[PDB]
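J.: Here it is: the structure, laid out below.
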Amino acid sequence: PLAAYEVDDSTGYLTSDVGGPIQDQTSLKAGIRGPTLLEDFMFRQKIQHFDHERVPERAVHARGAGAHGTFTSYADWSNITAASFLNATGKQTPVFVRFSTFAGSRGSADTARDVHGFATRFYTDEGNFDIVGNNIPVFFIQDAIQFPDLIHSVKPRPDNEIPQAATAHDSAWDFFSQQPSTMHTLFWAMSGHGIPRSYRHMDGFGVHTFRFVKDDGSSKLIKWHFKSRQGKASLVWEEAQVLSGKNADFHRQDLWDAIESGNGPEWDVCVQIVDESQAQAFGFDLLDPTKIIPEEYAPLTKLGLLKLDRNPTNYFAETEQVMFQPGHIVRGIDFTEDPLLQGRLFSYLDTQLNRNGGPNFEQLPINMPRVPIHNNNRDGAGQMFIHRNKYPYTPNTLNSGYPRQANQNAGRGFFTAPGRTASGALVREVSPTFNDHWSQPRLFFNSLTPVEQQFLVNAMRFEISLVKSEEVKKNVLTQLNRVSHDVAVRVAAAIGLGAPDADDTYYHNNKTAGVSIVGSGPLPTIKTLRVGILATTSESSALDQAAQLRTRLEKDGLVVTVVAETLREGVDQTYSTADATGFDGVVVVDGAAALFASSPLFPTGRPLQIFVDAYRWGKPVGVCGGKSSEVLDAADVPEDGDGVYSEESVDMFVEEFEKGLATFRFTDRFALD
Amino acid sequence: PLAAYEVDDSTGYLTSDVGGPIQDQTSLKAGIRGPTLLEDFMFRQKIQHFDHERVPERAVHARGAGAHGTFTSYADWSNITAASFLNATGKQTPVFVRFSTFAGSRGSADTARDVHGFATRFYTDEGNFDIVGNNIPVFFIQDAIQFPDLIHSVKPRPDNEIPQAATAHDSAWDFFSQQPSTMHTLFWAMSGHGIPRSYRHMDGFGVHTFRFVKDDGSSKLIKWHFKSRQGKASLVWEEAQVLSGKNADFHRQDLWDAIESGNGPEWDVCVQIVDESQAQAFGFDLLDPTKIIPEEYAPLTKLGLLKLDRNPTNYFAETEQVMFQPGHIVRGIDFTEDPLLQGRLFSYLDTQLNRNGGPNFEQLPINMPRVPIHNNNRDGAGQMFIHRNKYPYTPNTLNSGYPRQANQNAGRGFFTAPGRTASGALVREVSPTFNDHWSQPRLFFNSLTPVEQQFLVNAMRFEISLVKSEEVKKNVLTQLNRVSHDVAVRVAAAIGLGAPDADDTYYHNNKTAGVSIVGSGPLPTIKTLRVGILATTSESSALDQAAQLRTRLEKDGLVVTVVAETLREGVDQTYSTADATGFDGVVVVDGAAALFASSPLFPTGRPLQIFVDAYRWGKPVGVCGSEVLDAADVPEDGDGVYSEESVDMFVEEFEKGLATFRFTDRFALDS
Amino acid sequence: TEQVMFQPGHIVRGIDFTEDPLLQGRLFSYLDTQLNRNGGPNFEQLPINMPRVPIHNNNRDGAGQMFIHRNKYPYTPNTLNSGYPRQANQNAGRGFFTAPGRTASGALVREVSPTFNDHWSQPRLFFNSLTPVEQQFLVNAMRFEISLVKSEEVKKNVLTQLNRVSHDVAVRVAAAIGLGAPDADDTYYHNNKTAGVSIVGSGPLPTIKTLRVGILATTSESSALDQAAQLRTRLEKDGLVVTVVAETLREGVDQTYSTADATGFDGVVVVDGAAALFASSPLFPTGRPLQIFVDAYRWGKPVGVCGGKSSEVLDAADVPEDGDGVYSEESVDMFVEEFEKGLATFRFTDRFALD
Ligand code: HDD
Ligand code: HDD
Ligand SMILES: [Ca+2]
Ligand SMILES: [Ca+2]
Ligand SMILES: [Ca+2]
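Structure (structure tokens):
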């Protein structure tokens, strides 16, 4: 896809950047034990390059990972949009997607509790079109001017830069409690959507209302929804924390691996579409980025399929250097007067100057379009083009009036939706239509399962209990209470304050479909899911059972890891490196039962800790071979529990265990208030 | 110390950067539901600043933390060096120190297994002097030109950028096994030195041989050693991994807290001093940065005290922007022909152009000297001075010959040690004197305790089992076996390969003092160490027990956290947020026994897991008030296990255990 | 000077923008372009750019950050820094505020207001307001530049636009470049004038202080230097900058004929003791002394000979004694009094031909 820019070093002699063959292993010296010479250009070119390898990390979403793929349109969508990449059944457009967390710096853990980015570039035949989205459909704030306040509050305290990749400190919760617009996103981040199981098991949302614009100039309002074909799934917090230490790269590795194994993830690219006249028809303002349109009021139209199926060749060149902009817009789409979106337009063009160090960042292979470029932009540091047109001004006669102006009527220009209008004073004021900060957070909460609601309360309990200021904590309970009195009461319990009296202004009982994770049924596929098989070298029997299990499980697309004391034929991982965070389900072969009752080869109690951890975190666990009580009794796991399996028959074991993998989590193991 | 540069925003109205009062909470729009206007300069100035907040992270040592302090000279050292900061008994020089890991990016965890940076700036009355050191006294490679090879191999694989902050992958071990100079630093990194308990519980080393130069021109060869006065301590690996998730900020938080509480860490700044004639006298070449001088051959001389006692005011401005250079040298010190050192001098000047974006990085407050600057450097982006001298060239008459040249005999100039010499062909060749890559790794290994040796084998077992390539794994065994056959046998066992036959060229039995962690006796102080008291709100007796334990422990300078199901008066932390990685010792109060036998307030089994984790990780653990110890399966007769009715008897025992710090009998040994 | 970074966005309370679509865009440009010049976002921290009042805001970090901020809670709204800094606006803290009478209405358009469409009437007003010679100078600048335009079609297109402002201008510029002017097109012609835009019409200068007088002398006669010295004293008293020019430097001589040029002077005086120079030396280029006097005259400057013998200098220069702005007195005092009026007059525009 970027094949034209690739550099092959599978053969040949080392050269400088200017093609002179050289060596690079010993410095030039005055004598064998002498000082290094200034004239050693080999040394200096190589070390200068190294000294300058790094670029500024993104200001937000610094930690992330990307892949190439393809978008395919299901129809000719000319009836609703002029957009070219949507103009034909089966029409294919190359994409590049980067996923990310939000707060953390570029080496922070994938499995922090955070908002996640989901940024998609369509290299369309009428220009690059970016949808720069998140895994959560609403944002914290209602005006782009507040962006640095939010980000300052969420990032580490600036005297000591503590804590990394976390909202669990005074400043973030001070901001949330003083700025109540944040409530809706906060509730999302405190649910399982804050700790998704993988990039593949989350959705993407454009967040803002945009416009679809036909060639005749008429427009409709839309929201983007990228709906996962892998299903929605999350971690539990106490698993996430351990995972952040055991494997900071979990999400990027999961994505890389799924793509390498031929299981590249897929989304349905959907929109909600409503009329301009419905901007305030739903009990809120469609310009307000803190609100969703409940699916009951407007259903998804599936536009096409997004599949990621190709890993990058060089992470830095492709993933680190990709520079998205919501200003990368194409004919057939337009902006709205969402004051959050409005300010983003400025920010993303400006910030790339910081990252790239110069104005020619669109010339980087990953940012280049796949159609010709005709304009009078010139010069700048790092200019890679050699322009032939020596009259780069409009209007001209000396280049015969080229390039020609493009617009609604000619050259398939972008155009602002011609129905759009402005009226009134030039104001720095907030629309009173934006003022209800609480009803939609309550709607979201109502729509979770009882155990899911517990998980969310328990996340707030965790975070707020780490806030040092009593006053901030009181202010936090004040805002929570406006969403739900019960939530305030339950989180106050953990922090030894009293909740304030019920304030019912915004209370209600309504629910909406499609926002719950635990409620979304079993996963539609178990391909790529990870099964750990805990075995031993001390019994040839155990290794036999493991091999039999492997054969049967791998037939169904599961990634099987056999664990034992030491590596050898058929064993993938040692107990020393193994951890429950590494598996979606854990099986002990009964040949290995003795290990679950000391070794220099692994930390004491490791085999049993993996089983106990997996059970406590809600995963399918079991013993295969028929003798289960020694292991289960050691783990305090009840033989009759949901998602606990015990069979002698390998075929029967796997048939039951695979249902448990699709269920994914057994939530009956978590206590409720 | 940087007070002149401080900005106070505790009062006043919001202004732009040019002092015009503004607001910053709502955009300017055409109508109340209208589009944002280009003429909103309040918006654009604020968001432009934010857009440009980030600067490139350091190419290595990107993850770090810093503090201000003071160095105090013990003596007048004029008899060995001309260095002004060492020229009088009791002479004080402000310092700034940054500690770091090595491989990880910004945000990665403090408790990765890694080499650690320990970079010290002395703002002397004769210029800034930097010692840019590590916690390990030898480096991987023997020539600066190999640095990008080492770093590429150790940092994440460049197709997918995995794994973060770790040598546990094919490329690192490919390089190690192909470049055997790496063996000595590798053995250090695979020891407890790879996972120190804090910045305060590690030493600092200059690594290279440098020269001390007297005013009379004569020179001696030296090594810098910063010897911790808190003692040396490490984590265990299985604890460190969890810690990296539970608190990535563990080291920087430990440093911040120690300073805030009046317990700023101290080091004795030391040197080994030897004659120029002894360059090759110790069985290796003093120019070779992969070798130590055993303390048996050359004892340490204490020059003065380094103390850190002041946290920064703004992390970015001070810690992130501090730009160290070994080129920051002062009269009385000189370089050697160490080819690793030689190339560092180029690198650290060049690299600040990347970080700062321009040539005036020395004008940042944290980089400024504390004496006047007189030179003819001019212009450049971000120029902060207004130079009065309009004839900035030498030689001149129009500025009366100023600034004047400084040298050995005038203006206290820096001078290259005058005895230094060069001879021979201009070569890109390695000295044969560098060729022994294995003896000193074996020296180091020999000097560790039996269980220390086991930890190191187990770290290699852990990492090498993750290396996918069979051929790389075999190549690694070939190298380890040249250091020790027994090491190669023991790590080969974990990876299902056969160890190669013993090859005894570099085997020996010698030991050297001062390199072992577990062997270095109990900690000389237990101030700052963390005790978690596990209690319950369901019994008032439990809280009374915890409160009484608190009073007695805090007297002795320990940081006490009382844990229970929920927060209230006397309780610091919930079981939900508590972890054994957060404590140096764990005490259960009798009255809370029931908890160790389910709750919506914390994950199932959390209270007993803390206690069990702590025990298995080697910590002092106890019950104050056998029921608990049974449930935990912790033996009452265990070293570092405590069981006492009386709070006074308990504390007195338990504090002895905190000084011992780790009970290593809890770890299995090979064969 | 090099580092000063101006912005129209540097605005204060009591002033506001208009919807001038040129002004509007400038506001973006000057903030952005400083990133290029400075290489980073902290350009307002350069000494020449700093304000002379306290700065209170939550801008942080960036390359070249020179401040050490004490406020560790730089976000609004906060309680952890007690709500500081406080928002400033019309009603509090002397905030900037957009003029509240300001309003917008209509479609979001990339369209030009028809109110902007007269491009020619005001150029005509400007031209009408210049003096005849001044109009000739303008025509001649156009003649100079347009004759260097190589494309025939461009030159024709230029004549088209010129003709819409003034047919006479089009005809006169066209004569120099060998094309015909298009026929008169009177849509925008008029005879209106406006005050204060003319240079040559704005009367004598109000002060001659700082103006430059070159006195051309010689070392060959000790009387020439005595004359130069008398003139210097008289002229410097009135705050003129006097350069005495001779073949070589010495006490009283400021520069050599070799470095001297008419472009260096607002007026040129020859002391009649130096007449023989105006009639070869290794010390300056052939004919330099006469050339300085001839250039000065032809460029419209006051020129003169002081001492009483003028005819040899004036005749060699083809300058008429009775010319305006040509002076010839024996008396130093009388010479200076006359010459200084010529310096205020500044240029003698009768020396330039009209169409
Ligand atoms: C006005 C400032 C501001 C506001 C209000 C937004 N952000 Fe943004 N965003 C940026 C300022 C910006 C940025 C600082 O300009 C970034 C950082 C790196 C970059 O290229 O743009 C960016 C990064 C960026 C990334 C990473 C892109 C990549 O992977 O390279 C994603 C996914 C988003 N943001 C998503 C959004 C969502 C869904 C928003 C709310 C609807 C949002 N941002 C609000
Ligand atoms: C030729 C390249 C070169 C080589 C051979 C070395 N390094 Fe280095 N080091 C760098 C090039 C580098 C650098 C890339 O230039 C850094 C990164 C950021 C910086 O300011 O300098 C640096 C960072 C740096 C830091 C972080 C300083 C801070 O806290 O800001 C420390 C502590 C060290 N290194 C210490 C060492 C030691 C003890 C070495 C072996 C004796 C050594 N380096 C070899
Ligand atoms: Ca904070
Ligand atoms: Ca690798
Ligand atoms: Ca730059």
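Protein chains in written order, with the deposited numbering: chain B, 22 to 618, 622 to 697; chain A, 22 to 618, 622 to 649, 653 to 698; chain G, 340 to 618, 622 to 697.
Quick reminder that beta carbons are idealized off the backbone N, C-alpha and C, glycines included.
(1) Give me whichever residues DSSP pairs with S121 (chain B) in a beta bridge.
(2) Looking at the structure shown, is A302 (chain A) part of a helix, part of a strand, or coil, going by DSSP?
(3) Going by beta carbon distance, what residues of the same chain come within less than 8 Å of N388 (chain B), once the five residues before and after it are set aside?
(4) For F635 (chain B), which residues in chain A fall below 9 Å Cβ to Cβ?
(5) Could you spell out the range, first to last residue, of the alpha helix (DSSP H) harbouring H205 (chain B)?
(6) Would you say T372 (chain B) lies against chain A (beta-carbon separation less than 8 Å)?
(7) On the three-pair Cβ rule with 8 Å, is the segment 563 to 578 of chain A touching the segment 494 to 511 of chain A?
(8) How about the segment 484 to 492 of chain B and the segment 507 to 517 of chain B: do they share at least three Cβ pairs that are nearer than 8 Å?
(9) Just the chain A side, please: which residues come within less than 7 Å of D400 (chain G) by C-beta, in chain order?
(10) List the DSSP bridge partners of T628 (chain B).
(11) Chain A beta carbons: is any one of them nearer than 8 Å to that of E316 (chain B)?
(12) How far does the beta strand (DSSP E) with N149 (chain A) in it extend, from its first residue to its last?
(13) At the 8 Å Cβ level, is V448 (chain B) part of the contact set with chain A, yes or no?
(14) Should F160 (chain A) be labelled buried (16 or more other beta-carbon atoms within 10 Å of its own) or exposed?
(15) Check whether the segment 432 to 451 of chain A touches the segment 42 to 62 of chain B, counting contact only when three or more Cβ pairs, one atom from each stretch, lie closer than 8 Å.
(16) Using a C-beta to C-beta distance shorter than 7 Å, which residues of chain B count as neighbours of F64 (chain A)?
(17) In chain G, which residues lie less than 8 Å from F196 (chain B) when you measure between Cβ atoms?
(18) How would you label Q426 (chain B), buried or exposed, when you count the other beta carbons within 10 angstroms and need 16 or more for buried?
(19) Is the beta carbon of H173 (chain A) within less than 7 Å of some heavy atom of ligand 4?
(20) Can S192 (chain A) and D224 (chain A) be called in contact, C-beta distance under 8 Å?
(21) Note the first and the last residue of the continuous beta strand (DSSP E) segment covering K248 (chain B).
(22) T442 (chain G) touches chain B at which residues, Cβ-Cβ below 9 Å?
(23) Distance check for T582 (chain G) and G684 (chain G), CA to CA, integer angstroms please.
(24) Could you please give the first and the last residue of the uninterrupted beta strand (DSSP E) stretch that includes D296 (chain B)?
(25) Using DSSP bridges, identify the partner residues of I354 (chain B).
(26) In its own chain, which residues sit with a C-beta less than 7 Å from the C-beta of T533 (chain G), not counting the 5 before and 5 after it?
(27) Please name the residues in the segment 269 to 284 of chain A whose beta-carbon is closer than 7 Å to at least one beta-carbon of chain B, in chain order.
(28) Note down the Cα distance separating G90 (chain A) from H395 (chain G), rounded to an integer number of angstroms.
(29) Cutting at 8 Å between CB atoms, please list the residues of its own chain near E317 (chain A), excluding the five before and the five after it.
(30) So is the beta-carbon of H190 (chain B) under 7 Å away from any non-hydrogen atom of ligand 3?
(31) Compute the beta-carbon to beta-carbon distance between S265 (chain B) and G285 (chain A), rounded to the nearest angstrom, for a pair I have assumed lies under 8 Å.
(32) Does the beta carbon of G378 (chain B) fall short of 7 Å from some heavy atom of ligand 5?
(33) Can a CB atom of chain A be found closer than 8 Å to the CB of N428 (chain B)?
(34) Below 7 Å, is the gap between the Cβ of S129 (chain A) and the nearest heavy atom of ligand 2?
(35) Does at least one heavy atom of ligand 4 sit under 7 Å from the Cβ of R178 (chain A)?
T.: From the atom records:
(1) B:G85 and B:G138
(2) coil
(3) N149, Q342, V343, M344 and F382
(4) The premise fails here: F635 (chain B) is roughly 13 Å from chain A at the closest Cβ pair, so nothing lies under 9 Å.
(5) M204 to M211
(6) yes
(7) No, because fewer than three Cβ pairs between the segment 563 to 578 of chain A and the segment 494 to 511 of chain A fall closer than 8 Å, the two stretches do not touch.
(8) Touching, yes.
(9) Neighbours of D400 (chain G) on chain A, chain order: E74 and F337.
(10) According to DSSP, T628 (chain B) bridges with nothing at all.
(11) no
(12) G148 to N155
(13) yes
(14) So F160 (chain A) ends up on the buried side.
(15) yes
(16) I166 and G364
(17) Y414, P416 and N417
(18) With fewer than 16 neighbouring CB atoms inside 10 Å of its own CB, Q426 (chain B) falls in the exposed class.
(19) no
(20) no
(21) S240 to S249
(22) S444, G445, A446 and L447
(23) 18 Å
(24) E287 to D296
(25) B:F233
(26) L464 and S468
(27) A269, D270, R273, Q274 and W277
(28) 29 Å
(29) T533 and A534
(30) yes
(31) About 30 Å separates the two Cβ atoms, so there is no contact after all.
(32) yes
(33) no
(34) no
(35) Yes - ligand 4 has a heavy atom lying nearer than 7 Å to the Cβ of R178 (chain A).
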